[PDB]
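Q: Just dropping this structure here.
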Amino acid sequence: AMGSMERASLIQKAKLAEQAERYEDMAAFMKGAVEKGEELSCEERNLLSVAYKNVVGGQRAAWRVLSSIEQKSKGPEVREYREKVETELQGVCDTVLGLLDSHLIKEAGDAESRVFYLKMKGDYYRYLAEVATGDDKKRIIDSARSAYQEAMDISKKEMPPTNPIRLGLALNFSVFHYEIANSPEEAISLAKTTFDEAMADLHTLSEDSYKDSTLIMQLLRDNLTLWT
Amino acid sequence: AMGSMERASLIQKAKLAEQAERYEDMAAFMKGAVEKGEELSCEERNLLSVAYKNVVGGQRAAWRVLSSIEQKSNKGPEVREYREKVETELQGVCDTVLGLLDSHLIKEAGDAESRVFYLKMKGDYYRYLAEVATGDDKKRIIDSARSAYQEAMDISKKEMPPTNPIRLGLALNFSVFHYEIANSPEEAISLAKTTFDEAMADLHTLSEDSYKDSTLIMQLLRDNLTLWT
Amino acid sequence: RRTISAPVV
Amino acid sequence: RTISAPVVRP
């Protein structure tokens, strides 16, 4: 589908689709790029993540709007449409999890690349958990837990506590604890530790690195106030 | 396909998709409802128009972003190829709306309000095709837009008051066609000015509700007049 | 200000 | 509601 297009040309068109806010096009161009079978640069990684985050973004927001309507009660139309949107979102999460496990997740590389992709794996299993039920839910929750746990163990060993990728991982694992695993104690406990351990080392940073770390510390602090 | 779905369920799901900002699904649900072959109510006409306006709206704004990057001239084929891809999707949507109007909605039956609504929408989707067309194809498309707008204007002049929001919207869109599409700014200024003046005169008959609705659109005419004069 | 067309309310 | 890691723009 993107098979006949040059890798450089897919990257260029992913950038045009982002400028045109055509996130579905951007996601399909970046998928064809990944399928060329070469590693992604830090910039390319971010374009892939942006594209699929905006696609799955729109579907999770729609799904939320329909779920709340469904909950306030009754013909089957609200459930049927909620289910179609659910089904599309699962289609997109399955595509991301497939690209991650077929092409992006490797034992090679720096800590930055390996944590980035295991965090993403946690995020997309977390999006599936948001809509799952029954025995399927239990398996999905374990998948999200193991992706995040594997990512946490790397980031604790190979990265300082201020590293924005470590901090965004810790923020998303805390969201998982609060929203999916129904453990608000572990959510608050991780967010609080992540924040305090970062603040201890803030003085080692300068310029954009200081700003990038405090950006994510603010979101940990936002969740901590909302949750306590 | 929506063939297996109750008309009433299609309308409800159109409303759910609007609430969820799923305008492509809203448009597919409204197309299914039209293909049932019964007339649309005033509320249903507005759902159909809101769904397809949002879809083509996104595509026209993408096309213009890409067409700008393309026109910056002092070079690989990628920008041109992506602009062409978006253009082909936009043309796809317009032809779908134009097929629904010609096969199902445009009739000699019905009130002036429905008859005008559908001929304006014909003029509008031909106008969206004209914005991206070239050469002989563009000339045919400009002629199709003009005939639909003119036929809508003839009916609105005979069967609606000059403050009617449908008649004002039609006159606005037709002045936009004169100015942006047919290179005729005089005809554009004359129509917007006449439409403004003729509507000014009837405003005292209008309740608060319909006063707001007429003046909202009458301002858009004056704002274009400010820009063109 | 650019040329604007009828909104849908 | 709850906030998760945003997209990074730089």
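These protein sequences, in sequence, are chains Z, U, W and A. Using our numbering, the first residue of the first sequence is number 107, and each one after it goes up by one. Using our numbering, the first residue of the second sequence is number 542, and each one after it goes up by one. Using our numbering, the first residue of the third sequence is number 935, and each one after it goes up by one. Using our numbering, the first residue of the fourth sequence is number 18, and each one after it goes up by one. Backbone N, C-alpha and C fix where the C-beta goes; we use that ideal spot for every residue, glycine too.
Would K594 of chain U count as contacting chain W if we go by Cβ distances under 8 Å?
A: Residue 594 of chain U sits at position 53 when you count from the first residue of the second sequence. Yes, its Cβ sits closer than 8 Å to a Cβ of chain W.
Q: Could you confirm whether any beta carbon from chain Z is found closer than 8 Å to the beta carbon of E562 of chain U?
A: As a working note, residue 562 of chain U is residue 21 in the second sequence. Yes, contact with chain Z.
Q: Is it right to say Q255 of chain Z is buried, meaning 16 or more other beta carbons lie within 10 angstroms of its own, or is it exposed?
A: Sequence index remark: in the first sequence, residue 255 of chain Z carries index 149 (1-based). Per the 10 Å Cβ criterion, exposed.
Q: Would you mind giving the Cβ-Cβ distance between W169 of chain Z and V237 of chain Z, rounded to the nearest angstrom? I have them listed as a contact below 8 Å.
A: As a first step, residue 169 of chain Z is located in the first sequence; it is residue number 63 there, counting from the start. As a first step, residue 237 of chain Z is located in the first sequence; it is residue number 131 there, counting from the start. The Cβ separation is near 6 Å, so the contact holds.
Q: Would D764 of chain U pass as an interface residue toward chain W - the criterion being a Cβ-Cβ separation below 8 Å?
A: Taking the first residue of the second sequence as 1, we reach residue 764 of chain U at position 223. So yes, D764 of chain U belongs to the interface.
Q: How many angstroms separate the CA atom of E749 of chain U from the CA atom of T736 of chain U?
A: Here the question's residue 749 of chain U lines up with position 208 in the second sequence. Here the question's residue 736 of chain U lines up with position 195 in the second sequence. Approximately 21 Å between the Cα atoms of the pair.
Q: Between the alpha carbons of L762 of chain U and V942 of chain W, how many angstroms are there, rounded?
A: By 1-based counting over the second sequence, the position of residue 762 of chain U is 221. By 1-based counting over the third sequence, the position of residue 942 of chain W is 8. Annotation: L762 of chain U to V942 of chain W spans about 15 Å, alpha carbon to alpha carbon.
Q: Suppose you measure from the CA of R687 of chain U to the CA of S110 of chain Z; what does that come to, to the nearest Å?
A: As a working mapping, residue 687 of chain U is identified with position 146 in the second sequence. As a working mapping, residue 110 of chain Z is identified with position 4 in the first sequence. Cα-Cα distance, rounded: 42 Å.
Q: Since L766 of chain U contacts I722 of chain U with CB under 8 Å, what's their CB separation in whole angstroms?
A: Position 225 of the second sequence, counting from 1, holds the residue named residue 766 of chain U. Position 181 of the second sequence, counting from 1, holds the residue named residue 722 of chain U. The C-beta distance from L766 of chain U to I722 of chain U rounds to 18 Å, too long to meet the 8 Å contact threshold.
Q: Shortest alpha-carbon distance to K180 of chain Z belongs to which of U:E739, U:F715, U:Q760 and U:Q553?
A: By one-based count along the first sequence, residue 180 of chain Z stands at place 74. Nearest option by C-alpha distance: U:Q553.
Q: Tell me the rounded alpha-carbon separation between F570 of chain U and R563 of chain U.
A: Counted from its first residue, the second sequence places residue 570 of chain U at position 29. Counted from its first residue, the second sequence places residue 563 of chain U at position 22. Cα to Cα, the separation comes out at about 11 Å.
Q: Would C199 of chain Z be called buried (16 or more neighbouring beta carbons within 10 Å of its own) or exposed?
A: Numbered from its first residue, the first sequence carries residue 199 of chain Z at position 93. Buried, because 16 or more other Cβ atoms sit within 10 Å of the Cβ of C199 of chain Z.
Q: Tell me where the alpha helix (DSSP H) around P23 of chain A begins and ends.
A: By one-based count along the fourth sequence, residue 23 of chain A stands at place 6. That residue, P23 of chain A, is in no alpha helix (DSSP H); it is neither H nor E in DSSP.
Q: Could one say the Cβ of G274 of chain Z lies closer than 8 Å to chain A's Cβ atoms, at least one of them?
A: As a working mapping, residue 274 of chain Z is identified with position 168 in the first sequence. It does; some Cβ of chain A falls within 8 Å.
Q: With distances taken from CA atoms, which of Z:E141, Z:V202 and Z:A126 is nearest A107 of chain Z?
A: Translated into positions along the first sequence, residue 107 of chain Z becomes position 1. Nearest C-alpha to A107 of chain Z: Z:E141.
Q: What does a CB cutoff of less than 6 Å around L224 of chain Z pick up in its chain, not counting 5 residues either side in sequence?
A: By 1-based counting over the first sequence, the position of residue 224 of chain Z is 118. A253, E256 and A257, listed in sequence order.
Q: Compute the Euclidean distance between the alpha carbons of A574 of chain U and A568 of chain U, then round it to the nearest angstrom.
A: For the purposes of this step, residue 574 of chain U is taken as the residue at position 33 of the second sequence. For the purposes of this step, residue 568 of chain U is taken as the residue at position 27 of the second sequence. Taking the straight line from one Cα to the other gives about 10 Å.
Q: Output the boundary residues of the alpha helix (DSSP H) element that contains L641 of chain U.
A: Start at 1 with the first residue of the second sequence, and residue 641 of chain U comes out as number 100. Here the alpha helix (DSSP H) through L641 of chain U covers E619 to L641.
Q: With distances taken between CB atoms, is the gap from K227 of chain Z to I211 of chain Z smaller than 8 Å?
A: Taking the first sequence and counting its residues from 1, one reaches residue 227 of chain Z at position 121. Taking the first sequence and counting its residues from 1, one reaches residue 211 of chain Z at position 105. Contact: yes.
Q: DSSP on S147 of chain Z, reduced to helix/strand/coil?
A: Here residue 147 of chain Z is taken as the residue at index 41 of the first sequence, counted from 1. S147 of chain Z: coil per DSSP, three-state reduction.
Q: Using a Cβ cut-off of 8 Å, pull out every chain U residue sitting near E183 of chain Z, in sequence order please.
A: Taking the first residue of the first sequence as 1, we reach residue 183 of chain Z at position 77. Simply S550, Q553, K554 and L557.
Q: Does the Cβ-Cβ distance between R601 of chain U and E579 of chain U come in under 8 Å?
A: Taking the second sequence and counting its residues from 1, one reaches residue 601 of chain U at position 60. Taking the second sequence and counting its residues from 1, one reaches residue 579 of chain U at position 38. No, the Cβ-Cβ distance between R601 of chain U and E579 of chain U is not below 8 Å.
Q: Which word fits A306 of chain Z, buried or exposed, when buried means at least 16 other C-beta atoms lie within 10 angstroms of its C-beta?
A: If you number the first sequence from 1, residue 306 of chain Z lands on position 200. Burial call: exposed.
Q: Taking buried to mean at least 16 other C-beta atoms within 10 Å of its own C-beta, is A733 of chain U buried or exposed?
A: If you number the second sequence from 1, residue 733 of chain U lands on position 192. Its Cβ being crowded by 16 or more others within 10 Å, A733 of chain U is buried.
Q: Starting from the Cα of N595 of chain U, find the closest Cα among U:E727, U:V638 and U:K679 and give me that residue.
A: Indexing the second sequence from 1 puts residue 595 of chain U at position 54. Comparing Cα-Cα distances from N595 of chain U to each of U:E727, U:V638 and U:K679, the minimum goes to U:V638.
Q: I believe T268 of chain Z touches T310 of chain Z by the beta-carbon criterion, under 8 Å. Please report the beta-carbon distance rounded to the nearest angstrom.
A: Position 162 of the first sequence holds residue 268 of chain Z. Position 204 of the first sequence holds residue 310 of chain Z. Confirmed, about 7 Å.
Q: Does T239 of chain Z come out as helix, strand or coil in the three-state DSSP assignment?
A: By 1-based counting over the first sequence, the position of residue 239 of chain Z is 133. Coil, per DSSP.
Q: Between Z:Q196, Z:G197, Z:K190 and Z:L122, which has its C-alpha nearest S609 of chain U's C-alpha?
A: The sequence position of residue 609 of chain U within the second sequence is 68, counting from 1. Nearest of Z:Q196, Z:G197, Z:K190 and Z:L122 to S609 of chain U, Cα basis: Z:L122.
Q: Please name the residues in the stretch 653 to 670 of chain U whose beta-carbon is closer than 7 Å to at least one beta-carbon of chain Z, in chain order.
A: none
Q: At a CB-CB cut-off below 7 Å, which residues of chain Z make contact with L607 of chain U?
A: Taking the first residue of the second sequence as position 1, residue 607 of chain U is located at position 66. Residues of chain Z passing the Cβ test: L122 and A126.
Q: In angstroms, rounded to a whole number, what distance separates the CA positions of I758 of chain U and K680 of chain U?
A: The residue given as residue 758 of chain U occupies position 217 in the second sequence. The residue given as residue 680 of chain U occupies position 139 in the second sequence. Going by C-alpha positions, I758 of chain U is about 29 Å away from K680 of chain U.
Q: Report the rounded CA-to-CA distance for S582 of chain U versus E654 of chain U, giving the unit in angstroms.
A: Position 41 of the second sequence holds residue 582 of chain U. Position 113 of the second sequence holds residue 654 of chain U. Going from the Cα of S582 of chain U to the Cα of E654 of chain U covers about 11 Å.
Q: In this structure, does DSSP put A733 of chain U in helix, strand or coil?
A: Residue 733 of chain U sits at position 192 when you count from the first residue of the second sequence. Correct three-state label for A733 of chain U: helix.
Q: Please report the distance separating the alpha-carbon of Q177 of chain Z from that of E183 of chain Z.
A: Stepping through the first sequence from its first residue, residue 177 of chain Z is reached at position 71. Stepping through the first sequence from its first residue, residue 183 of chain Z is reached at position 77. Their backbone Cα atoms lie some 13 Å apart in a straight line.
Q: Any Cβ of chain Z within less than 8 Å of the Cβ of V627 of chain U?
A: The residue given as residue 627 of chain U occupies position 86 in the second sequence. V627 of chain U counts as touching chain Z.
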